[PDB]
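What follows is the content of entry_9.txt (compact mmCIF, C-alpha atoms and all ligand atoms).
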# COMPACT_ATOMS: atom_id res chain seq x y z
CA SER S 348 -21.79 -8.81 -14.90
CA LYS S 349 -18.36 -7.78 -16.06
CA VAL S 350 -18.22 -4.99 -13.46
CA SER S 351 -19.05 -7.20 -10.46
CA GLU S 352 -16.53 -9.85 -11.51
CA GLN S 353 -13.79 -7.28 -12.20
CA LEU S 354 -14.38 -5.86 -8.70
CA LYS S 355 -13.98 -9.41 -7.34
CA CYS S 356 -10.63 -9.55 -9.16
CA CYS S 357 -9.71 -6.24 -7.50
CA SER S 358 -10.37 -7.77 -4.09
CA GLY S 359 -8.07 -10.64 -5.05
CA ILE S 360 -5.32 -8.22 -6.09
CA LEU S 361 -5.68 -6.32 -2.82
CA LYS S 362 -5.55 -9.61 -0.92
CA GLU S 363 -2.24 -10.44 -2.65
CA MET S 364 -0.97 -6.95 -1.78
CA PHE S 365 -1.62 -7.92 1.88
CA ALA S 366 0.08 -11.34 1.63
CA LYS S 367 3.25 -12.33 3.49
CA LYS S 368 5.33 -12.74 0.32
CA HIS S 369 5.05 -8.97 -0.37
CA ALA S 370 5.13 -7.77 3.26
CA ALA S 371 8.73 -6.56 3.37
CA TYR S 372 7.78 -3.60 1.15
CA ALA S 373 3.97 -3.53 1.36
CA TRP S 374 3.56 -3.04 5.10
CA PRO S 375 3.83 0.82 5.29
CA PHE S 376 0.65 0.91 3.19
CA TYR S 377 -1.49 -1.49 5.25
CA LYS S 378 -3.11 1.22 7.37
CA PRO S 379 -3.77 5.00 7.32
CA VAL S 380 -0.80 7.23 7.97
CA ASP S 381 -1.24 8.05 11.68
CA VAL S 382 -0.19 11.70 11.51
CA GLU S 383 -0.72 12.21 15.24
CA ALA S 384 1.26 9.17 16.39
CA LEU S 385 4.06 10.02 13.95
CA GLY S 386 4.16 13.76 14.73
CA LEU S 387 3.87 14.69 11.02
CA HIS S 388 2.77 18.32 11.33
CA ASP S 389 3.09 18.81 7.54
CA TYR S 390 1.38 15.67 6.22
CA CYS S 391 -2.13 17.15 5.99
CA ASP S 392 -0.69 20.34 4.45
CA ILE S 393 0.71 18.32 1.54
CA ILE S 394 -1.64 15.32 1.22
CA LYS S 395 -5.27 16.36 0.72
CA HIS S 396 -6.70 12.86 0.08
CA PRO S 397 -4.98 10.21 2.23
CA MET S 398 -5.39 6.60 1.11
CA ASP S 399 -4.20 3.21 2.35
CA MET S 400 -4.87 -0.49 1.69
CA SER S 401 -7.19 -1.02 4.67
CA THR S 402 -9.38 1.89 3.56
CA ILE S 403 -9.47 0.53 -0.01
CA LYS S 404 -10.56 -2.82 1.46
CA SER S 405 -13.35 -1.08 3.38
CA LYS S 406 -14.46 0.75 0.24
CA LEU S 407 -14.66 -2.49 -1.76
CA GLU S 408 -16.69 -4.12 1.00
CA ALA S 409 -18.98 -1.05 1.15
CA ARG S 410 -19.21 -1.09 -2.68
CA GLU S 411 -17.79 2.43 -3.12
CA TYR S 412 -16.00 1.68 -6.43
CA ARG S 413 -18.16 1.74 -9.56
CA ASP S 414 -15.66 -0.43 -11.44
CA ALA S 415 -12.05 -1.58 -11.48
CA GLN S 416 -10.78 1.80 -12.70
CA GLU S 417 -12.07 3.62 -9.60
CA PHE S 418 -10.43 0.91 -7.49
CA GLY S 419 -7.17 1.40 -9.38
CA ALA S 420 -7.30 5.18 -8.96
CA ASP S 421 -7.42 4.81 -5.19
CA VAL S 422 -4.49 2.39 -5.29
CA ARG S 423 -2.53 4.90 -7.33
CA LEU S 424 -3.55 7.75 -5.01
CA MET S 425 -1.95 5.73 -2.17
CA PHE S 426 1.35 5.53 -4.02
CA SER S 427 1.17 9.12 -5.30
CA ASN S 428 0.70 10.43 -1.74
CA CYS S 429 3.83 8.53 -0.75
CA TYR S 430 5.82 9.89 -3.73
CA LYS S 431 4.57 13.42 -3.04
CA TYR S 432 5.20 13.58 0.71
CA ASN S 433 8.54 11.84 1.15
CA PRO S 434 12.02 12.70 -0.17
CA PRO S 435 12.63 10.83 -3.43
CA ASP S 436 15.54 8.84 -1.92
CA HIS S 437 13.51 7.78 1.14
CA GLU S 438 13.23 4.06 1.89
CA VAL S 439 9.44 4.29 1.80
CA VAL S 440 9.49 5.53 -1.81
CA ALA S 441 11.44 2.47 -2.97
CA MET S 442 8.98 0.36 -1.02
CA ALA S 443 6.02 2.01 -2.75
CA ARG S 444 7.63 1.38 -6.15
CA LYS S 445 8.15 -2.32 -5.42
CA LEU S 446 4.51 -2.71 -4.35
CA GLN S 447 3.30 -0.62 -7.28
CA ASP S 448 5.28 -2.92 -9.59
CA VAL S 449 3.25 -5.87 -8.26
CA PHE S 450 -0.04 -4.00 -8.42
CA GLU S 451 0.44 -2.74 -11.97
CA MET S 452 1.33 -6.14 -13.36
CA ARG S 453 -1.70 -7.83 -11.73
CA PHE S 454 -4.08 -4.98 -12.58
CA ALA S 455 -2.92 -4.93 -16.21
CA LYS S 456 -3.43 -8.66 -16.64
CA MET S 457 -6.95 -8.79 -15.22
CA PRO S 458 -9.41 -10.33 -17.71
CA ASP S 459 -11.41 -7.76 -19.66
CA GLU S 460 -14.45 -10.10 -19.37
CA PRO S 461 -13.93 -12.11 -16.14
CA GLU S 462 -17.56 -13.31 -16.14
CA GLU S 463 -16.90 -15.31 -19.33
CA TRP X 1 8.51 5.64 13.37
CA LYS X 2 6.04 3.39 11.60
CA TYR X 3 5.74 -0.17 13.00
CA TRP X 4 4.38 -3.47 11.70
CA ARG X 5 5.30 -6.76 13.36
CA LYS X 6 9.06 -7.07 13.30
CA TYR X 7 9.51 -4.13 10.91
CA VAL X 8 10.17 -0.45 11.70
CA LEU X 9 10.64 2.56 9.43
CA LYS X 10 11.36 6.21 10.20
CA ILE X 11 8.93 8.52 8.41
CA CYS X 12 9.12 11.65 10.62
CA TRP Q 1 14.52 -2.31 9.53
CA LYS Q 2 13.69 -5.80 10.81
CA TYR Q 3 14.22 -7.48 14.16
CA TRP Q 4 15.72 -10.80 13.00
CA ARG Q 5 17.21 -13.28 15.51
CA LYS Q 6 18.82 -10.75 17.88
CA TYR Q 7 19.98 -8.58 15.00
CA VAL Q 8 18.18 -5.52 13.65
CA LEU Q 9 18.81 -5.53 9.89
CA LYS Q 10 17.94 -3.01 7.16
CA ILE Q 11 15.99 -4.92 4.54
CA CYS Q 12 13.93 -2.01 3.13
N LIG S 501 11.38 11.26 10.14
N LIG S 502 16.31 -1.31 2.48
Could you take the file, read its structure, and then write that structure out as structure tokens?
Amino acid sequence: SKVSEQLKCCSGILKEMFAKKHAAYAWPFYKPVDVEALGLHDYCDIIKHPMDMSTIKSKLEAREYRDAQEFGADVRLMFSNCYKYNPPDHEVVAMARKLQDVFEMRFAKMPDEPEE
Amino acid sequence: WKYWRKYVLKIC
Amino acid sequence: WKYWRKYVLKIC
């Protein structure tokens, strides 16, 4: 079905997001923000729905996304959390933008009917 | 600090 | 920052 194949494409996009060639800016997003290890006493005040690439992977494998647009929304929640929490000139914001640039171009170009 | 392999980044 | 052959360089 178109949905199952578009989800497969989403896995492939996430796999590229994890690949070495994008690591220099993607890596802050590989895993949940460890608020305790980092001592971020204000993170949970500001970010009500944390998201990261490993969690998105787990949700795809547990079939939690109805379709590619629910996958995309979680990817964009990731980036939004980073834009919301950090100062706009912070290194991690630029890093999020560079990774978002890759994600948006791949996500936009995904076939509308990949099963065909 | 966040860490991944040879990379580090101050978030706090 | 990145640990890169002795150096520690800012690539981000
Ligand atoms: N920080
Ligand atoms: N950087």
Would you give me, as a PDB file with C-alpha atoms, in the coordinates of the input, the residues of chain S that come within 12 Å of chain Q, using only C-alpha atoms?
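In the end it all went to part_1.pdb:
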ATOM      1  CA  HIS S 369       5.050  -8.970  -0.370  1.00  0.00           C
ATOM      2  CA  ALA S 370       5.130  -7.770   3.260  1.00  0.00           C
ATOM      3  CA  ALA S 371       8.730  -6.560   3.370  1.00  0.00           C
ATOM      4  CA  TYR S 372       7.780  -3.600   1.150  1.00  0.00           C
ATOM      5  CA  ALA S 373       3.970  -3.530   1.360  1.00  0.00           C
ATOM      6  CA  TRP S 374       3.560  -3.040   5.100  1.00  0.00           C
ATOM      7  CA  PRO S 375       3.830   0.820   5.290  1.00  0.00           C
ATOM      8  CA  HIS S 437      13.510   7.780   1.140  1.00  0.00           C
ATOM      9  CA  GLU S 438      13.230   4.060   1.890  1.00  0.00           C
ATOM     10  CA  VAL S 439       9.440   4.290   1.800  1.00  0.00           C
ATOM     11  CA  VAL S 440       9.490   5.530  -1.810  1.00  0.00           C
ATOM     12  CA  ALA S 441      11.440   2.470  -2.970  1.00  0.00           C
ATOM     13  CA  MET S 442       8.980   0.360  -1.020  1.00  0.00           C
ATOM     14  CA  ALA S 443       6.020   2.010  -2.750  1.00  0.00           C
ATOM     15  CA  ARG S 444       7.630   1.380  -6.150  1.00  0.00           C
ATOM     16  CA  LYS S 445       8.150  -2.320  -5.420  1.00  0.00           C
TER      17      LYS S 445
END
* Structure fact -> Expressed to one decimal, the C-alpha RMSD of chain X after its least-squares fit on chain Q over all C-alpha atoms in order is 1.4 Å
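In this model, the gap between atom CA of residue S:354 and atom CA of residue S:414 comes to 6.2 Å.
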Would you give me, as a tab-separated table, each residue of chain S having an atom within 12 Å of an atom of ligand LIG 501 (chain S), along with its shortest atom pair and that distance in Å to one decimal, using all atoms listed in the file and sorting by chain and residue number?
residue	atom	partner	partner_atom	distance
S:382	CA	S:LIG501	N	11.7
S:385	CA	S:LIG501	N	8.3
S:386	CA	S:LIG501	N	8.9
S:387	CA	S:LIG501	N	8.3
S:388	CA	S:LIG501	N	11.2
S:389	CA	S:LIG501	N	11.5
S:390	CA	S:LIG501	N	11.6
S:432	CA	S:LIG501	N	11.5
S:433	CA	S:LIG501	N	9.4
S:434	CA	S:LIG501	N	10.4
S:437	CA	S:LIG501	N	9.9
S:438	CA	S:LIG501	N	11.1
S:439	CA	S:LIG501	N	11.0
* Of the candidates S:424, S:413, S:436, S:384, which one gets nearest to ligand LIG 502 (chain S) if we count all atoms listed in the file? -> S:436
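Relative to atom CA of residue S:446, atom CA of residue S:461 is found at 23.8 Å.
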